[PDB]
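> Partial complex follows, first chain(s) only, in situ:
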Amino acid sequence: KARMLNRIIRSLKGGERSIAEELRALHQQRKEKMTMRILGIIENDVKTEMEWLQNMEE
Amino acid sequence: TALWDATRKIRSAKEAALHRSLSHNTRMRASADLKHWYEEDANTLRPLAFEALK
Amino acid sequence: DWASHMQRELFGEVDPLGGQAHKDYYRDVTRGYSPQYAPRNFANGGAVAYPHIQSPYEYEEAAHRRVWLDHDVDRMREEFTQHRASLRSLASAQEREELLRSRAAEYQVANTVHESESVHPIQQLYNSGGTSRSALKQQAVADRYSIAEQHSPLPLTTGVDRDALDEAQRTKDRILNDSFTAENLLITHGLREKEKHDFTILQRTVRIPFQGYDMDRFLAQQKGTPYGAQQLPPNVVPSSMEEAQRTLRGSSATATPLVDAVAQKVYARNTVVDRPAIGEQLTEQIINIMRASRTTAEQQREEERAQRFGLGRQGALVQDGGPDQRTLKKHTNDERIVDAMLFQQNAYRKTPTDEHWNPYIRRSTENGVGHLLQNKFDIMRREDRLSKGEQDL
Amino acid sequence: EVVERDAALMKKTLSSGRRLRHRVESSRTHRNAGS
Amino acid sequence: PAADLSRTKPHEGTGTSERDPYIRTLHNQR
Amino acid sequence: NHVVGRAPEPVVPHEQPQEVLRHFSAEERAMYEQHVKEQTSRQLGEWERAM
Amino acid sequence: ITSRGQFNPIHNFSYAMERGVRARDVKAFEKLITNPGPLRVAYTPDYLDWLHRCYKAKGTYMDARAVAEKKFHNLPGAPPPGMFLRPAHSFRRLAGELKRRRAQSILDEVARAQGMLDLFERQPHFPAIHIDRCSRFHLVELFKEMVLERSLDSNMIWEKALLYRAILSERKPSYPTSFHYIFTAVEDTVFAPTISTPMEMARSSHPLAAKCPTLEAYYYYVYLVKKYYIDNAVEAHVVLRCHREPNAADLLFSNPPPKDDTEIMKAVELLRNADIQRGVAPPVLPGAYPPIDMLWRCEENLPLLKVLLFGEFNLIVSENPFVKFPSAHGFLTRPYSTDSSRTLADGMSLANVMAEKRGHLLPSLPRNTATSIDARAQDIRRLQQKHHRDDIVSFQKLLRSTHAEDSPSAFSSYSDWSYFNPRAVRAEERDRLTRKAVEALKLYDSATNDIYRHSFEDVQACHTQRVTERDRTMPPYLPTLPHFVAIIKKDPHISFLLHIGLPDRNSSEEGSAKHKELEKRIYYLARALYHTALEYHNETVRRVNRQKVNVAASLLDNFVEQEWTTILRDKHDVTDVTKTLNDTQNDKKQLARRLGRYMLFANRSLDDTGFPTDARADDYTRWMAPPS
Amino acid sequence: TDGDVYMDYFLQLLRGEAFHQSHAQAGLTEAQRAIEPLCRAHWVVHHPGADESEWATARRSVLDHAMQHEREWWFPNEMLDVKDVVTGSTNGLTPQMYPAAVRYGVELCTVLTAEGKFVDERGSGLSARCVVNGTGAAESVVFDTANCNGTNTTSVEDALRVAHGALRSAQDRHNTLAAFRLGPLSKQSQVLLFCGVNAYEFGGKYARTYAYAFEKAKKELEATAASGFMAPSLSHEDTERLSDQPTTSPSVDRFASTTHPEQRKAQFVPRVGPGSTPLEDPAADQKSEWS
Amino acid sequence: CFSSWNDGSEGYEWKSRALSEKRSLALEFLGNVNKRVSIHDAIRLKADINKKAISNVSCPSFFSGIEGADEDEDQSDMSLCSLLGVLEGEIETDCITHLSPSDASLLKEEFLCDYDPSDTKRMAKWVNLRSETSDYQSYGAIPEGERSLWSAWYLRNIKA
C-alpha cells in the first residue's frame, strides 16, 4: 500500500490522463479485491461444511 | 513391373478362391460375422513365397 | 552454437547435469533414465510440457526400442571415443569448435529438438507464453538413444511377448464383457428410457436459440473464424509444483510392468530393511512377491466384479424354505437378473441367425450389416462408399 | 491350506521393518571413513 | 453415462450430442 | 481495409488440442508437427501461386 | 537395477561361501572385506553393517540350502504353497535349474557392475580410495582408464592436476591420518623455471624441464584457490570450467565476497618467499601446457599424475557448488525456464513474435487481439516470477520423500541427487544393466514354473475341458505391429508405390529418400493403429489413439496422393514412338490407372483388428469421436 | 579369512574374455555376439562346408551387414524365438497362442524383404542386384555396369538372364531367412501338438467325432458341388427321404408336446417377432426366404 | 457461466447437484442410524488429521492488478519524502485537476480502512449465505411431522 499507491500518485500526478488511467487501474484492483474476499468467505464456508461432513462420515 | 503383375495375379487368384468358398458356404454364413471375409486374407493362405523353396 | 554444445555433451562420458536435481528436467522412465527437458508451462496452466504415457504397452514399446537401438549406441560410442581422441590431439579452440559443429551437423543433433509449428494465434500463445523456440534451443539436452533413432531401421516387434499378449487379450475380453453386461443391466432396469423421458420433459423449458439474421456470419463468429473475432481462453491458475510433478510421475507409475516395479521396490528397500539379502535370497523374494501380487490382483478383480454384480447366494446355503432365496431390490444388479437376461437373449439359440427365417427380422440393421453382406462385390462397394463418405447402401 | 501357507510365507515380506543407519560427520574438504 | 462400443437401434441413439440424438428424426433413405 | 489481398488462415485437418498433445508421445509429437508444418506450407504456397 | 540410494555390493564372497569360508566375528568380516593389493577402499559404518547383515543372511541361506540338499519355516528347496516338485533327474527340472543358475549368474554380474560404477562415480557409500600400494604402471593405467577417457580436453587435465595439487597443499592441515601419504608426492612434484631462461638469454631448456609445465601456473592456481575459497573437487571443477570464459567477474562471482586481490597477491608472495628458501635448502591466465602423452609417459610428472589421481578419486563431497557460485549454475547446467524468460525479457512483444512467425501473407493481427496477447504474455511472465521460488524448493523436497520410497519406479532415479558430482555416470550403461537384470528376473520366473508342477488330478480335470478352435483359441488376428503393417502394405496403391510406383531406390537417391519417407509414414500409421487396438477397451485412451491414427493416416494419404499425381503427370517422352510403345503393353501409367480411386485411410472403419467394422457408420463415428 | 587370493579364481578371471578382449572380438557388439550362431548357421547353409578360417575372414562383414540391413530376422523376436528347448513347447508356447504365433510369423515374413545379387559368368561381367518383399514381388532391381569393361556389346537376353539369376538368388535368400526365422517355433509347436493331442478336440474321446465331422463335411461338399454350387438347406427340407436327414440336423423337432400348442415354445412365455407375428413356431408361408 | 446463474431453468448441472446433496444430507441425518456412535480415539485422530489436511490447503486465485502491485513490491519508505522535494519544482507549477469525491473516498478507504472479521461477517450477512448445516445444528428446529422420508422440510428456505 505504501509503495504502489505512492509511486503511481507521484508519477501520474502531473498528467491528467495518466492520473485517470491510474484511477481506473485502482478501481480494477478494488474489484479484484472484492472478488477475492467473496472467494475467501466461500472458501471458509466450504472448509467448515466439508470438515463437518468428513467427521460425520468418520 | 512384370514380376509385380504376376504376384498380383497370384494373390488375386487365391483371394478369389477364398471369396468363392465364402460365398458358397452357408454353414459359416449362419454365423453373422464379417470377420471371416478378412481373417484368411490374401496374405496367410497356403501357397507362400517364403515357403516356395521348401 | 547450441548444436555444438549438445554434441560436446553427448561426446562426454558424464551426465550433462552432473546428477544435479535440476528444475524442469525429468528423468523419464520410458527414455531409459536420461534427463529430458520438461518445462512447466503456465500458458496452459501449471502443466508440464512433456509426453504423458498411458499404457504399459507403450512402456514396453519404449523399452524394446532402447533394446533395438543398443547396437547403434555401441558403435556410436566407439565413434565418440575416436572423436574424443581427435579432440585431445587437437590444441586449438577454433579447430575444436569447428570439429564439434561438423560432427553435430553429420549426426543431425539439431533435429533432436522439435519446434511447435503453428500459425494460429492461440496455438502460438500456448507455446510462446513461456519456453519459445529460443528456450527449446537453449535447454536441449540431447540423448544418445535419440541420436541413434535419428538414423536407424525401425523395429516391428514392439517387445510384447506371447504371455503379455495373452494377458492383454484376456483382460480386454474381461473388461468388454463386464462393460457389456453392466450396460445390459442398466437397460433392463430401464434407466435409459428414463433418460429419454427426462430429455423429453426438459424440452418443455427450452426456447428457440438465436441463429442470427446472417446465419453464416453468426456461425462463423461463434467459431471465432472471421477477422477480429478471436477470443483468448481464460487464464487458468497454475497448479502447485507438487501436483504438476505428481500427475506426470503417476502417469508412468501406473504404466510400469509388475516385474520391474517390484524389482525396483525391493532393491530400494534392501538398503533400509533390517534383514538385507544378496543374490539368490533376493531373487526368491522377488519371485514370491511377484506371485503374491498376481494372485492378489486376480482375487481383487474377482471380488470387485462379484460385489458389483451381486454374485453368490444371499446368506445361508441350506435354508428351511429352499436353498434359493433371493431378495430382489429395485434398480439393483443381481446374478439372477443377469442369468434371466442371458436366458431371454439366447435360451435355445443354435445360431445368431436362428430367427432369420422371416425377411423383416433378417434385414434388421441393429446389430450390424455383417449378415446382410454376403459377397465380396458388396463388401468392396460398401467400403468404397464409406471411404468416399456417401451413405452405405 | 495354500492361503494360510502363502500368508505365513509372505507376512515377513509385507512387514520387513527398518534398521538404524549409522551417520558420519561430513567434512567440508573430504568424506570421513569408518570401521 | 452412455456406454461405448454399443450397437443402438437405427430409430434412436445414446443422446450424447446433436449428431447422436436420443431419437433420430432424420430418415436414412434418399 | 486491412484484410484485402491476404491468405486465408491455414487450417490443418484433424487439429488437436493440448489435452491430447500432452498424451502424444515424442515421435507422435514430431509426426504431428511435421504434418501441420506441411499443411501450412502447402496451403500458403497454393494461395501464393493463385495470387 | 539401481536406485538413488542403492547399496550395490563390490565384493564377491559367494566363492568363499561355496568353499566353506565363514566369517565368525567382526574381525573375521573385516579380514574378508580387506583388499590385498592395489586400490584400497575405505567404507562407511552404515555400508559396513549392511554388508555384514548381507553376509550373515548369505550364510543362513547357504546352510538352509545345504539342509535342503541333505533332505534330497519353508526352506528354499520347499515347493510353492500350491505346487509339487518334479523328480530331480528329469529333463524339465534340469532345464529349469540350469535357467535358474544362468539367471542368478547374470544378476550377480549386474550387481557387481553396478557396484563398480557406483565406486567409480564417487558416491557417499565409498568415502575414499587410496593408491598407496600402486606402482607407476597402476597409476598410468588408472589415468588412461578414467581421466584421459572421460576428458575431452588435454589442457584441462593439466589445469585439473595443478588445481588439485594447490588445493591439497592449502588444505593440508585439515585431513585425516590416511591422507598423509599423498603429501610426499605433492612435495616430489617438480616444476620448471621456464620464465628464468629468457631473462638469462637476454632459449635452451632441458627436456625434463619442458615435461613439467611451469611453476607460475601453480602460483596462479594458488591465487585462484585463495580468491574463491576452493576446498573440494566439485567447486574446483566448477571454477576451472568457468574461469576461461570472459565473465569471471560475474559468472564466477562467489556468494561470499571474494578476498581482495592485493591480499591474495601478498599471500602468494609470502608463499614464494618460503618456496625459494625451500628450493635453496592479479596473475594472468596460464599459457600453453605440455601434452598429456608426455604427462603419462615421463616419470618427472609421475608425482603430479599420482596427486591428480588422488584428487580425482577424493575431495568429492556431497554438496552443491551452486550455493557458493549461484551465477555459475546457468553456465554449468541448463538454466531454469523462468530465468531464461527473465534473461530474454527484451523479447520485444509476443504479438510481434507471432507476426514474424506467421509472415506477411496473412492479416496483421487485429489490435484488440494483439492487446489481449500482450496482456496474456505479461500474465504468464508474472506467473513464472511468482512460481519460480516455490518450484525450486518443492522439487527438491519431493525427490527425498516417502512417496519416492513407495513408488521408486517414477520418483526415484539415479543421478538425481541434490549435490553435484562431476563424475556422474551417463545413465546408459546403468540402463543396460537394469535391462539385463530384468531379463534375468523374467528368465528366473519362467524357470520357477518349470521346476515345480501342479497336481495330477488338477491337470486331469484341466484336460477334461478340451480346447476347441471355434471359441476356445486366441483369434489369429490378434493386434500386432506386423499384422497392422501387412494390411496397409497389401493395399493396391501402397503396394504399387512400394514396388514400381516410386523410382527405384538403389538407382535414384531421390527415389531412396521417397522410399524412406513412405516407409516412415506407413510405420507411423501402423503403430498408431496398433496402439488403438491395444487400448481399444479404454474409452479415453481409445479416443486419443484414434486421434493419432487420424493424424498419421492424413499424413500418409497426403504423401500417397502427391506421389500418385506426380507419377501420373511424369509423361517424359521425347518422341511419339516412345509413347506408342509404352501404351502397347502394361506400363506404369496404365497399371496405375487400372487400380482406380485411392481410398483415403482417414475415411476408414477399422477397429481392434485392422478390418472394416460391421457396425453402422453412425455407431462407428460415435465410438471414434474426438474426446471432449 | 586369512586374506589369501585364490589362485584358481585369479586364473579363471585372467583367462576370462571379460577383462581383456581380443582385438577381433572387440569389434563385434553385444548384439552381434549374441546373433553370431544364427548368422554362422545361415552362412554355412549357403556355403555347404565351411572352415573356421573362411568363416572368420568374413564374420565381421556378414555381422555388420546383418545388423545394418536385415536386422529383423537375426534380432531376437519375443513372439517367435524360444528360450529353452526342453520347456519351449510346454511353458514357452500355449495351445491358445499357437495359431496367433504362426499368424504373427507368417505376416512378419510376408512384410520383411530380402536381397540377392548375381554376376554373369559368360562374356561381359555385368551384375544385377534385386530385393524381394516376401510375396514374390520386387521393390528394386538394378544393374551395375561400372565393373563392365569397354565393350557395351551385351544383348537383351544376357541382361534378362542375369536379372533372372538375381531374382532366383533373392528368392532363395528370402526362403532361407524365413526358414531360419520360423524354425524353432515350428519345431516346438510340432512337438507340442503331437504330444498334447489329449488336450484337443482331435485327440482322445473326440477324435472319432472329429473324423465323423470331416467325413460328413466331405460328403456335404460333394453334394453341394453336385447341386449347382448351392448348399443344401441347414434344416434338411430339400431331402426327399426322412432317412437322409442327419440326427444333428435342425429338421428334427425338440419341443415337448409336439401336438398341443402353447407348449411348443423355446422360453417360458410365448414371444412375437416384428409386429405381432408368431415367433416360437413359424408357418411355411411365414418363413419366406426370398433373396 | 454468467447466463447459467440467473433464476431459471439453466444451470442444471449444478442445480441438480445442489438439490441432490441437500436431500442426501437430510437423509443421512434423519434415517441413517449407523452414524450415531460415541466417538473414540481412532475417530479423534482421523478428525484431527483431516482438519490439518483441510487447513493446509489454499484457495487458488490470480488477479492482474494484485500481481501488478506485487511486481513493484517494496522500493523505499522514504521515497515519497524524497520525491516531494523533487516534484516541488515541477508539479506545483503545473495545474492539477481535482479528483472526484467518490475517488477521494476510495483513497481514504484504501488507506485508512483495514479488512476486519466483522467486515467479513457483514459481507456474509448482507447476502443470505444460508449454511448447509445450520438447520441440523440448530436446537429443536426439526418437527416430528417434517422429519419424514418425502417431507420437503429442508427445502423450506428456498425462495425465488
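The structure has been received and is ready for your questions. Numbers count the residues shown, from 1 in each chain, chains lettered A, B, ... in the order given.
> for the residue positioned nearest the centre of chain B, what are its contacts?
Computing the C-alpha centroid of chain B and ranking residues by CA atoms, centre = their mean puts residue B:15 first, at 3.1 Å. Residues in contact with residue B:15 (CB atoms under 8 Å, 6 or more residues apart in numbering or on different chains) are B:41, B:42. Just so you know, the C-beta spots here come from the backbone N, C-alpha and C atoms, and that holds for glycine as well.
> a helix runs through it, doesn't it?
Yes. Residue B:15 forms part of a helix when assessed by DSSP: H, G, I helix; E, B strand; the rest coil.
> ok, now how distant is whatever residue of chain D ends up closest to chain C from residue G:60?
Minimum separation of chain D from chain C (CB to the nearest CB) falls at residue D:19, amounting to 3.7 Å. From residue D:19 over to residue G:60 the distance is 17 Å, taken as CB to CB, to the nearest Å.
> Could you find the closest non-adjacent residue to residue A:27?
Distances taken as CB to CB, 6 or more residues apart in numbering or on different chains put residue I:106 closest to residue A:27, at 7.6 Å, once the chain neighbours are dropped.
> wait, the one you found sits on residue A:26?
Yes. Look at residue I:106 against residue A:26 with CB atoms under 8 Å: they come within range, at 7.0 Å.
> out of those two, which sits in the more crowded spot?
Taking neighbours as other CB atoms under 10 Å in any protein chain shown, residue I:106 and residue A:26 compare with residue A:26 leading, 19 against 16.
> Any figure for the gap between that one and chain B?
Distance, residue A:26 to chain B, using CB to the nearest CB, to the nearest Å: 71 Å.
> Next: residue I:5.
According to CB to the nearest CB, residue I:5 and chain B sit 51 Å apart.
> swap in residue C:240?
Counting by CB to the nearest CB, the gap between residue C:240 and chain B amounts to 50 Å.
> That residue contacts residue G:394, correct?
Yes. Assessed by CB under 8 Å, residue C:240 is found in contact with residue G:394 at 7.3 Å.
> still on that earlier bit, three-state assignment of the residue nearest to residue A:27?
Following three-state DSSP, residue I:106 is assigned to helix.
> can you give me the helices in chain A?
Taking DSSP state H as the criterion, chain A carries its helices at A:4-12, A:16-57.
> Buried deepest among the ones you listed, which one?
A comparison of these by mean neighbour count, using mean count of other CB atoms under 10 Å in any protein chain shown, puts helix A:4-12 on top with a mean of 17.
> quick one: it near chain G?
No. Figure legend: helix A:4-12 not in contact with chain G (CB under 8 Å from any CB of the partner chain); closest approach 14.4 Å.
> Dump that helix to PDB, restricted to CA.
Extracted as PDB, the C-alpha positions of helix A:4-12 are listed here (Å, rounded to 0.1, in the frame of the first residue of the first chain):
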ATOM      1  CA  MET A   4       2.400   1.100  -5.200                       C
ATOM      2  CA  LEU A   5      -0.100   3.900  -4.400                       C
ATOM      3  CA  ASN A   6       2.600   6.500  -3.600                       C
ATOM      4  CA  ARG A   7       4.600   5.600  -6.700                       C
ATOM      5  CA  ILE A   8       1.600   5.800  -9.100                       C
ATOM      6  CA  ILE A   9       0.300   9.000  -7.400                       C
ATOM      7  CA  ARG A  10       3.600  10.800  -7.600                       C
ATOM      8  CA  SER A  11       4.400   9.500 -11.200                       C
ATOM      9  CA  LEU A  12       1.000  10.300 -12.700                       C
END
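> Show me the contact partners of it.
Applying CB under 8 Å, 6+ apart, the contact partners of helix A:4-12 are A:18-19, A:21-22, A:25-26, I:69, I:72, I:75, I:79-80, I:83, I:87, I:107, I:110-111.
> residue with max distance from the center of chain C?
Largest centre distance within chain C, by CA atoms, centre = their mean: residue C:320, 53.6 Å.
> one more, chain J:
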Amino acid sequence: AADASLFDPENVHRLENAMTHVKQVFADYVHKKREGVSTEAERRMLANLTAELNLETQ
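Just below you will find chain J, in place on the chains above:
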C-alpha cells in the same frame, strides 16, 4: 432505454447461484487436492466461474 438487457436486474439471487456453483466446484477441487489427482478441469472451471463472478461483483 426499452432494451431488456439494459435493465440488468441487480438482485442478489444471481450472486447466490454463483456462490453455490463456486462452492460446489471449490469443494470438488479441495477433495481432489487430497488424493493426488489432477485438478486441471477444476481449475479451468474455477477460472470461468471467477471471471463471471468478477463481472457480477462489478
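> Quick one: classify the residue farthest from the centre of chain C as helix, strand or coil.
Criterion first, three-state DSSP; result for residue C:320: coil.
> quick one: it and residue C:327, what's the gap?
From residue C:320 to residue C:327 the distance is 16 Å (CB to CB).
> Same check on residue G:208?
103 Å.
> List the contacts of the closest residue to residue C:295 other than its chain neighbours.
Leaving aside its sequence neighbours, residue C:295 sits nearest to residue D:6 (CB to CB, 6+ apart; 7.4 Å). By CB under 8 Å, 6+ apart, the contact set of residue D:6 is C:292, C:295, G:81, G:82.
> Hmm, residue A:34 is touching residue J:57, no?
Yes. The criterion here is CB under 8 Å, and residue A:34 meets it with residue J:57 at 5.2 Å.
> farthest pair in the contacts of residue D:6?
Pairwise distances across these peak at 12.0 Å for C:292 and G:82 (criterion: CB to CB).
> Look up the closest residue to the residue nearest the centre of chain A, ignoring the ones flanking it.
Centroid-nearest residue in chain A, with CA atoms, centre = their mean: residue A:33, separated by 1.4 Å. Excluding the flanking residues, the one nearest residue A:33 by CB to CB, 6+ apart is residue I:66, at 7.4 Å.
> you'd agree that neighbour is up against residue A:35?
No. Contact criterion CB under 8 Å: residue I:66 and residue A:35 do not qualify, at 10.2 Å.
> show me what contacts residue G:185?
Listed by CB under 8 Å, 6+ apart, the contact partners of residue G:185 are G:303, G:304, G:306, G:307, G:310.
> Flag every residue of chain G that's near chain I.
Of all the residues in chain G, those in contact range of chain I (CB under 8 Å from any CB) are G:375, G:379, G:382, G:383, G:385, G:386.
> What helix or strand is the residue positioned nearest the centre of chain J located in?
Using CA atoms, centre = their mean, the residue of chain J that lies closest to the mean C-alpha position is residue J:49, 3.1 Å off. Element membership for residue J:49 (DSSP states H and E) is helix J:40-57.
> can that helix be found next to chain A?
Yes. Applying CB under 8 Å from any CB, one finds helix J:40-57 touching chain A at J:50, J:53, J:54, J:57.
> neighbouring contacts of that helix?
Contact with helix J:40-57 is made by A:31-32, A:34-35, A:38-39, C:45-47, C:234-237, C:239, I:1-2, I:5, I:60-61, J:14-15, J:18, J:21-22, J:25-26, J:28-29, J:32, as judged by CB under 8 Å, 6+ apart.
> Determine how far it lies from the middle of the whole chain.
Centroid displacement of helix J:40-57 relative to its chain, using CA atoms, centre = their mean, to the nearest Å, is 5 Å.
> residues of it that come out buried?
Counting neighbours by 16 or more other CB atoms under 10 Å in any protein chain shown, one finds that the buried residues in helix J:40-57 are J:40, J:42-47, J:49-50, J:52-54, J:56-57.
> Could you verify my assumption that residue C:145 touches residue C:68?
No. Residue C:145 lies out of contact with residue C:68 (CB under 8 Å); the separation is 10.0 Å.
> Kindly reformat the buried residues of helix J:40-57 as JSON lines and extend each row with distance to residue J:2.
Listed next are the buried residues of helix J:40-57 as JSON lines, based on distance: CB to CB, whole Å:
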{"residue": "J:40", "distance to residue J:2": "44"}
{"residue": "J:42", "distance to residue J:2": "41"}
{"residue": "J:43", "distance to residue J:2": "41"}
{"residue": "J:44", "distance to residue J:2": "38"}
{"residue": "J:45", "distance to residue J:2": "36"}
{"residue": "J:46", "distance to residue J:2": "37"}
{"residue": "J:47", "distance to residue J:2": "35"}
{"residue": "J:49", "distance to residue J:2": "32"}
{"residue": "J:50", "distance to residue J:2": "33"}
{"residue": "J:52", "distance to residue J:2": "26"}
{"residue": "J:53", "distance to residue J:2": "29"}
{"residue": "J:54", "distance to residue J:2": "28"}
{"residue": "J:56", "distance to residue J:2": "24"}
{"residue": "J:57", "distance to residue J:2": "27"}
